[PDB]
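For reference, the chain that follows is the form deposited in one PDB entry, supplied as structure tokens.
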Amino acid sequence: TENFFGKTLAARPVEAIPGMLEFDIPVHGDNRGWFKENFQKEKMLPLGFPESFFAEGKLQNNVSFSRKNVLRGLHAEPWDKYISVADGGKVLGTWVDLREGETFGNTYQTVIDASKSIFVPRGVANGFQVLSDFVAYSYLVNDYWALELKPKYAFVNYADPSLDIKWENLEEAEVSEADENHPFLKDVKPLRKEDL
């Protein structure tokens, strides 16, 4: 228990962003390395992982591999995300609420390694910056991406200084051409109750 190994499975809500949850994940170590149940439906529903994730019976698992200082975000595609780390690496995770209402623009940040996971509700922008030499970032989502639909998706620029966030190393961030060109928050229309 505590730093990395042997934590008790547990969940905490994030007060600034309704619907978000942070989980402590049990990681069991031995001579070989380690093992975790990254996601376990039966054990996690009683802790607050939302049953609504399963509404349409859709499932996709993505994995990205990234080097130190790489920054990906901030992206608010129209689906829920369950995010964690799959190797020995570490990221600074960062979130900005894009939903219409009293929490528009609210933020949260925390360090994520293999012993922590995050549930991100649809309408909350996701991003991270790599702290370790490399990292494998693995996530479960409940709708299907298509290239031609990207203009329909919500994004916000990582470097908008008006956002209440602080990156690890903004100056040395390694980003995509796309992430360089996303709009500032002032040009993002708040998202209505799942588009209504």
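Take the two forms, superpose them, and find the largest set of C-alpha atoms that agree within 1.5 Å; that set is the rigid core. Residues that one form lacks are left out of the comparison. Counting begins at 1, following the sequence as shown.
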query: Given 163-171 and 132-140, the range whose Cα B-factors average higher in the PDB entry; finding: 163-171
query: Modelled-residue ranking by C-alpha temperature factor, third containing residue 87; finding: middle
query: Entry-reported Cα temperature factor of residue 150, expressed as the chain third it lands in; finding: highest
query: Residue 102, C-alpha B-factor rank within chain (lowest, middle or highest third); finding: highest
query: Ranked against its chain, the third holding the CA B-factor of residue 50; finding: middle
query: Third of the chain's Cα B-factor distribution that residue 29 belongs to, per the entry; finding: middle
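There is also a form deposited in another entry; it is not shown, and the following applies to it.
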query: Comparing forms between the shown form and the other one after core superposition, the one residue of 152, 58, 166, 41 displaced by 2 Å or more at CA; finding: 152
query: Residue shift check between the shown form and the other one, rigid core fit, residue 133 Cα at least 2 Å; finding: no
query: Pairwise C-alpha change, residue 176 versus residue 149, in the other form against this form - closer or farther, 3 angstroms or more; finding: farther
query: In the other form, shift in Cα separation for residue 148 relative to residue 71, 3 Å or more; finding: farther
query: Where the chain shifts between the shown form and the other one once the rigid core is fitted, runs of at least 3 with Cα moving 2 Å or more; finding: 30-32, 145-152
